[PDB]
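> Sequence first, structure after; it's an experimental one.
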Amino acid sequence: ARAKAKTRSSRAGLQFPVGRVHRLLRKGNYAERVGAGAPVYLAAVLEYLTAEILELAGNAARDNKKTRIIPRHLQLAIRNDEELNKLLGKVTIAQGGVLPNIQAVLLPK
Amino acid sequence: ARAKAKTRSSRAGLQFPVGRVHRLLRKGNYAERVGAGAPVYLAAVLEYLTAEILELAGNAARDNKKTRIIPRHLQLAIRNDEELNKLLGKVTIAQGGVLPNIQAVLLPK
Amino acid sequence: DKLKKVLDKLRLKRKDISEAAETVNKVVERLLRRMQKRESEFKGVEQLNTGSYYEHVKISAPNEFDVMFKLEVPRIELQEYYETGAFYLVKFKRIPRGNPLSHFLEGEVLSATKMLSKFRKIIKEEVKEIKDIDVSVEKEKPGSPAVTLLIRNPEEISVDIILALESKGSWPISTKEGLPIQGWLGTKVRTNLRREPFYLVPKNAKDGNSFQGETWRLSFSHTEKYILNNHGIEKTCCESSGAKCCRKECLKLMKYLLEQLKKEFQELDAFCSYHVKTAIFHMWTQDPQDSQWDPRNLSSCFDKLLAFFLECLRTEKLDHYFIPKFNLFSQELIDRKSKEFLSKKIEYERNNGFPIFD
Amino acid sequence: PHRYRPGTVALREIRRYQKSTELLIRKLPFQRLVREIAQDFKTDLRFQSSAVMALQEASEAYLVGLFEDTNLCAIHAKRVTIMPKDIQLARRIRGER
Amino acid sequence: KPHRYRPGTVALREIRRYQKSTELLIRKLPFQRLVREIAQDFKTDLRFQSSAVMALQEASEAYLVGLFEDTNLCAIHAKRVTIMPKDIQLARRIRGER
Amino acid sequence: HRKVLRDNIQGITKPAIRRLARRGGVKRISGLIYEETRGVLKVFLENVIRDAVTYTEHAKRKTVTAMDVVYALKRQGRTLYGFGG
Amino acid sequence: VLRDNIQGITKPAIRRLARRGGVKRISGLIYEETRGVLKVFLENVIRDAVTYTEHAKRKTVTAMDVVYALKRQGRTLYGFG
Amino acid sequence: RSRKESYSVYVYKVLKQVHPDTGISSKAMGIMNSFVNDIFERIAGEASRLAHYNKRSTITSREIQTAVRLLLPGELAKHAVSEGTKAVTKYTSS
Amino acid sequence: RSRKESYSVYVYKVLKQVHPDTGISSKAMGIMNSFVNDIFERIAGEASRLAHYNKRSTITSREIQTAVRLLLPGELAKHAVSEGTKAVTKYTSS
DNA sequence: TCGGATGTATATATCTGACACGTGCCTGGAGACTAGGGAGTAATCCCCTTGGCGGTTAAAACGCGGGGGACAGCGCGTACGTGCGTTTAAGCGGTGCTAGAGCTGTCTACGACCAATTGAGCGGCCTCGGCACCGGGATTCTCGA
DNA sequence: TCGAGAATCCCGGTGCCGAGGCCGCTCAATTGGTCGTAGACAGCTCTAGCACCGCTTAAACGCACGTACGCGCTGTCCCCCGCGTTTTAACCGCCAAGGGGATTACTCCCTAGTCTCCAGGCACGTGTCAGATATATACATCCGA
Ligand SMILES: [Zn+2]
């Protein structure tokens, strides 16, 4: 017989898929032959980063009494930090606005 | 029998090799299968650009009575133009110096 | 009847406690001012107001008081300890600037023992500086995290100071189905409550040497105060342009019944007012209408409350109102025979006109 | 008459616009400009809508960046106004000329 | 009476001379010592090939020369001829390195 | 009705430049900013649309889709998030 | 081990760099800032080069490593490999 | 009619763990999707080049780890690396 | 002892046509070699991506032509393109 | 320092449309197996790095006098902000057409792959002339009177 | 507008060492067939772009007043340049040892490739709750007296 299937995402305790990442790595033509340990590691890294962004944006959203998330909140969460702002220092986010910032000399006496 | 060999560089009237470029394209993993017209075109383009740089640098070298070419001359020829300077606007050339340039306000009255 | 006389006496006790409460507030406010002036890692500590009336506080002697000192902490992560969500462990996520409590870490976990040790030391140093009123710190009691102040002006008052961490993140997943007031006060008020921070108070489990002094329990004192003071389906309930109910009176009567039995029978040591509050929260949820608590019917409401508690006693099951899987009446927390004893005492009092109130 | 002194409505408008998120250039004039520019490189081109929207968002972001850096230069020279010499300096430093 | 050029004349002669040569302007051995000291913190007992040190030196000279060009432009922009640290900080803030 | 167009750059009004500047955080715009801003905008739009049209012409189409513009931007270090990719 | 080598970047060296840059009147507070800028730049480049080496299991930071570390930050260097 | 492949469901799952009662509007889904695609592309490309530099022709986990150590700035690196290791360990035991 | 592959001889041949009596010093050879490698890499990478965008899996001359049209700025493009066409034509006739 | 005016944050009531979720179904991911070559490891060769010594002279360090540029202050006038009343065209909702994007079904030419053959290019030489260097003399640009 | 002086440019002679050509040879490029698939192409379906019409009103346009800011002029005084004399350490040349880079042999285990089958994830359809909006407030801030 064939034992019951158990998806790799289960065997690694992750959330992003690991089959799909492996297919992309194989058919994107990055190298001749992809080892079998790479997709797990890469899926873990992606999952961590997405968790980070979503947590920060959610806190900033719940701050001003909203239930959903809109791009303004993503812009706030990304631009406020110190590391995440360096990783995305070139990227424009549609409908994001800017950060409240007035210089010190313009303000009246 | 087998007819006498005739290298592809001869059949195209070029100077850069076309076998070597084809091997690099095949074993660099840029795409799954390289057509047979690409290497000729690419070798032609490379040859044109190298001819351009060498001609300009040679003129600038022969200007001030030298027989050989040294990196200072390459720096001069590259930085003087208008298109070639935009294509290499990031590249540092070892032992190149800079272009003679003094601002207008510093000079005495 | 006996109940109304008891209510009058309970109310008159506030007069006997007011001055002690005032001295306590004076001392505490001095300490808070001092703590906010000095430069240290505890500079942001503040008093959490939890109520001082008989209804808010636990059973206590009239000259004993408690206050909670809260502290802010950035980006904590909670890891479960039991299977019932009855205890939690604290770790730190990524911090860009630099963890200001880095040196209070033991391995990956914050050590409550070290933090309380520093807290106690700081309290001892500052209490030495109170010069106008004789305030000292009671000798540390092994097994109790409170730092207990002794104030003599000239009568002795004890104040247990408990440090509590304050967190602004999401409410923990265990609390997902807690606070079920969807039909009682509408979902909007429930959401506006759940959009608030939560507190962590140090507490050791009784489960062996491992992790002693490294465990914390949840505190929701703020939501409970808010609900207690905004308790009607009608916005004017118990307000100056509304009608009074006997909700708090019934709560006070049952709490005082427990107080008197616990005084008479030290066998009942493991019961506390939080068990009563949880039970009565369930009762206000099952029967939400104000008309079920007309003051004319005060005594009848109390009797219907008694029956519920006996049934809670009989099934040995009382789910925490905020943590539904947390059974407050589990075998491991309260011996069956103590509950049988309490059942016998409650039935005796209920059938004999509550002589223990005499 | 209740005239505000000069330089007070400006700060109110700054405090407002740095807080919304909508677009600031009208739509149809931008569409007409884009089509006029594209006519030179090919003839009879049809644009999807979202392509026009993407172009508009990119241009808005670019200009906002440019003015903010220009303002920094203008303050640097003991001033409060901004004049084209400032813009030309900022673009020369950033490497676009 | 000794012959003395007025201020601001030897400077122009030195500019004209240095914008025309190619040899390096930082002495070798101090730069080597500095590079080894900096690499001390990321590993222990490293061994540098010579040409690696040379490459590092050339890159650093090019970077600094670019920086001084731009800071000089800023300094002229504000009705001066002397560069001051606020100029450098402004130039680096604009070029996106902060 | 393939009407050729002429002088549309005046469509970028004066209050539009004003509002962009206000979001930028400025206080006293002078009077000669407008011409220079229009020139800069024209240059930027040319430089993007040329690459967009090249990407289209390679695929033998006539509809400049959004993904084309996203790729033309991304080639110049101005990655755009939120329109597909 | 070594300590305080950043003073090796003398003051006339900075003068010569500025003179090549096209500058006329250096102030007196430039040096203490140029040293810091140089230290930051070298820190970044050398960290990346050491990573590139340590991946390949060696102990000799070769020229190609530094060239790659530079090229990553958009500062391509022609003339060493 | 063919169909396209996205990361909507996975992002939604991860959101339902760190904020168990807040939803997400479709625009934010588009942004998060594009973000995931972009980061994955950067890391894959860097690892591919780095493996090619030493004449290898594979992609071991070690190369992905070095690529992560090169891209992410500062403390992120540390934390992210640890996660990977832990995960792959739990994958090997089974 | 293995051996490495460079572009010294070809560059020297091309130099001997447009300046028939001037030599080249070894440093300039190193620079010209690196330059050739870099340009070839940029063009190849761009063409590879562009072919991948339309779901193809090959590299026709057309893709190389479009990549050249994208990289080189201004008039260069025109001239360079013509050269390519001419060459490939002379290759097909034979 | 206050009052009066203007502007903005907050609470309450009402509609509506998008998002969160079932439901059906299909294609790609997992299990189970086999075949072959990439890389892992040991053993050896030899070159490039470190380390030191001793002399020679070029550059750095320090001190001094002084001419000039940075900075603060004051005064004047034009030009950009603020508010008001009029006029232009952008949104908006709704039709109506049709060009071209996208999909499907067949068939042909062309790039990979293999095997044998042979000459182009690379490493290792030798050799001499192009340039670095040295010393003298002619040209020139700056400064004070 | 001139002399006097310091710095630079040009020119002729000398030595050397790096660029340039020559010789084996060996490993990669070419010739010659074969085959299995990716790309070309015709034919069809139907979504999304373009074109237009009438109107409701929010934004642009134009103008008048005037006040704060830019610009120019003067002065003053301290900081940085030019030059000279002493002192420090960089450079150069030459040993001498040995750690580690690079290469070769060989073997084994990890990944590609296939077949089968079965569940996770995508298109689609539906209902209700979160947010947009309108209106009436209460509260915070700016200006002139
Ligand atoms: Zn009530």
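Okay, I see it. Numbers count the residues shown, from 1 in each chain, chains lettered A, B, ... in the order given.

> Would you state the strands of the chain in chain order?
Unless you meant another one, I'm taking chain A. Using DSSP state E, the strands of chain A run over residues A:33-34, A:92-93.

> oops, chain F please
Ranges of strands in chain F, per DSSP E, are F:28-29, F:63-64, F:80-81.

> Sheet partners, orientation included, of the first one?
Translated: strand F:28-29. strand D:81-82 (parallel) (DSSP bridges).

> Would you tell me which strand is longest in chain C?
Per DSSP E, chain C has its longest strand at strand C:156-167.

> Quick check: buried residues in it?
Neighbour counts using 16 or more other CB atoms under 10 Å in any protein chain shown place C:157, C:158, C:159, C:160, C:161, C:162, C:163, C:164, C:165, C:166, C:167 of strand C:156-167 among the buried residues. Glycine gets a C-beta too; all of them are placed from N, C-alpha and C.

> pretty sure the fifth one is touching residue C:147, no?
Pointing back at residue C:161 there. Yes. Counting by CB atoms under 8 Å, residue C:161 touches residue C:147, with 4.7 Å between them.

> Next, give me the two most distant ones among the buried residues of strand C:156-167.
Across the buried residues of strand C:156-167, the longest distance by CB to CB is 31.3 Å; it joins C:157 and C:167.

> coming back round to it: let me have the strands of chain A in a markdown table, adding distance to DNA strand J and mean neighbour count as columns.
Below are those laid out as a markdown table (distance: least, CB to the nearest atom of the strand, whole Å; neighbours: other CB atoms under 10 Å in any protein chain shown):
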| stretch | distance to DNA strand J | mean neighbour count |
| --- | --- | --- |
| strand A:33-34 | 7 | 15 |
| strand A:92-93 | 18 | 20 |
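
> For residue E:88, which of the ones you listed is the nearest?
strand A:92-93 (28.6 Å).

> mind listing what the closest one pairs with, with the direction of each?
Strand A:92-93 is paired, per DSSP bridges, with strand F:80-81 (parallel).

> that older thread, would you mind giving the buried residues of strand C:156-167 as CSV with distance to DNA strand J added?
What follows is the buried residues of strand C:156-167, written out as CSV (distance: CB to the nearest atom of the strand, whole Å):
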residue, distance to DNA strand J
C:157, 39
C:158, 40
C:159, 35
C:160, 36
C:161, 34
C:162, 32
C:163, 32
C:164, 27
C:165, 28
C:166, 22
C:167, 24
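
> Go through the residues you listed and name the one nearest residue B:15.
Taking CB to CB as the measure, residue B:15 lies nearest residue C:167 of the buried residues of strand C:156-167, at 71.8 Å.

> Give me the buried stretch members for the helix or strand residue C:249 falls within, please.
Assigned by DSSP states H and E, residue C:249 belongs to helix C:247-264. Neighbour-count burial for helix C:247-264, counted by 16+ other CB under 10 Å, picks out C:247-262.

> of those residues, closest to chain H?
residue C:247 (29.2 Å; CB to the nearest CB).

> Quick check: the residue of chain A nearest chain E.
residue A:89 (7.5 Å).

> Got phi/psi on the residue nearest to that residue when sequence neighbours are not counted?
Distances taken as CB to CB, 6 or more residues apart in numbering or on different chains put residue E:96 closest to residue A:89, at 7.5 Å, once the chain neighbours are dropped. Main-chain torsions, residue E:96, degrees, to the nearest 10: phi 80, psi 10.

> Please apply the same query to residue C:147.
Note on residue C:147: backbone dihedrals following degrees, to the nearest 10 are phi -100, psi 110.

> so what's it up against?
By CB atoms under 8 Å, 6 or more residues apart in numbering or on different chains, the contact list for residue C:147 reads C:116, C:119, C:120, C:123, C:137, C:140, C:160, C:161.

> what packs against the longest helix along chain H?
Criterion DSSP state H: the longest helix present in chain H is helix H:26-53. Helices and strands touching helix H:26-53, by 3 or more CB pairs under 8 Å, 6 or more residues apart in numbering or on different chains; DSSP states H and E, are helix A:19-27, helix A:38-63, helix A:71-80, strand F:80-81, helix H:8-18, strand H:58-59, helix H:61-71.

> Reformat the ones you listed as CSV; add distance to residue C:38.
CSV is the format used below for the helices and strands packed on helix H:26-53 (distance: least, CB to CB, whole Å):
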stretch, distance to residue C:38
helix A:19-27, 53
helix A:38-63, 31
helix A:71-80, 30
strand F:80-81, 47
helix H:8-18, 36
strand H:58-59, 56
helix H:61-71, 42
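
> Would you mind giving these as a markdown table with mean neighbour count added?
As requested, those are exported to a markdown table (neighbours: other CB atoms under 10 Å in any protein chain shown):
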| stretch | mean neighbour count |
| --- | --- |
| helix A:19-27 | 16 |
| helix A:38-63 | 22 |
| helix A:71-80 | 20 |
| strand F:80-81 | 24 |
| helix H:8-18 | 17 |
| strand H:58-59 | 19 |
| helix H:61-71 | 20 |
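
> rewinding a little: any idea how far residue H:32 is from the residue of chain A closest to chain E?
Counting by CB to CB, to the nearest Å, the gap from residue A:89 to residue H:32 is 19 Å.

> so who does the closest residue to residue A:44 other than its chain neighbours touch?
Spatial nearest neighbour of residue A:44, excluding adjacent residues (CB to CB, 6+ apart): residue H:87 at 4.1 Å. By CB under 8 Å, 6+ apart, the contact list for residue H:87 reads A:12, A:13, A:14, A:40, A:41, A:43, A:44.

> The fourth one contacts residue H:88, correct?
Yes. With contact taken as CB under 8 Å, residue A:40 and residue H:88 are classed as touching, separated by 5.2 Å.

> Now do the strands in chain C.
Assigned by DSSP E, the strands in chain C fall at C:46-48, C:64-72, C:76-80, C:88-92, C:105-106, C:109-110, C:134-137, C:147-152, C:156-167, C:198-202, C:216-219.

> For the second one, give me every contacting residue.
So that's strand C:64-72. Contacts of strand C:64-72 (CB under 8 Å, 6+ apart): C:20-21, C:24, C:28, C:32, C:42, C:44-48, C:50, C:52, C:57-58, C:60, C:146, C:157-166, C:199, C:201, C:219, C:221.

> mind running it again at 7 Å?
Applying CB atoms under 7 Å, 6 or more residues apart in numbering or on different chains, the set of residues contacting strand C:64-72 from outside is C:21, C:24, C:28, C:42, C:44-48, C:50, C:157-166, C:199.

> related to what we said a few turns ago, and the residue of chain A closest to chain E, how many neighbours does it have?
Residue A:89 is flanked by 10 other residues according to other CB atoms under 10 Å in any protein chain shown.

> of the contacts of residue C:147, closest to chain G?
residue C:119 (40.0 Å).

> picking that back up, any chance of the strands of chain F in TSV, with distance to DNA strand J too?
Conversion of the strands of chain F to TSV gives the following (distance: least, CB to the nearest atom of the strand, whole Å):
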stretch	distance to DNA strand J
strand F:28-29	4
strand F:63-64	4
strand F:80-81	17
